[PDB]
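K.L.:
Read in order, the letters of the sequence shown are residues 1 to 91 in the entry's author numbering. The beta carbon of each residue, even a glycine, is placed where N, CA and C say it ideally should be.
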Amino acid sequence: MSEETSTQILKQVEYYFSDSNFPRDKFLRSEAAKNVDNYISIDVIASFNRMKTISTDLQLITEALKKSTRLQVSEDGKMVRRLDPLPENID
């Protein structure tokens with residue numbers, strides 16, 4: 001719980017972008033395609049399977065996004081955008 005599990009998930013969320021896996025996984029890319037990579041519903045991120053398991057609750061998924069490391073979640077908590085520059089061994 002707390003910053004351990006929140007941070008686990010935080011790494012895990014950015015990791016899907018960091019592992020150059022967004023452009024590959026049309027699951028991500030379908031959502032990203034609403035605004036390049038500035039629109040990512042928490043429906044997709046909750047539905048990421050691995051994320052749902054590590055979180056066990058959408059509460060933890062929502063906090064993880066609220067504390068995003070190299071992403072920024074909107075105040076609506078239904079979009080997040082990542083950084084222009086590629087991530088380099090980020091955790």
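1) Using the three-state DSSP reduction, which class does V36 fall into: helix, strand or coil?
2) Output the boundary residues of the alpha helix (DSSP H) element that contains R50.
3) Look up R81 in the DSSP assignment and say whether it is helix, strand or coil.
4) Look at the Cβ atom of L10, then the Cβ atom of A46, and state whether they are nearer than 8 Å.
5) Determine whether the beta carbon atoms of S6 and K78 lie at a separation below 8 Å.
P.N.:
With the given structure in hand:
1) coil
2) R50 to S55
3) strand
4) no
5) no
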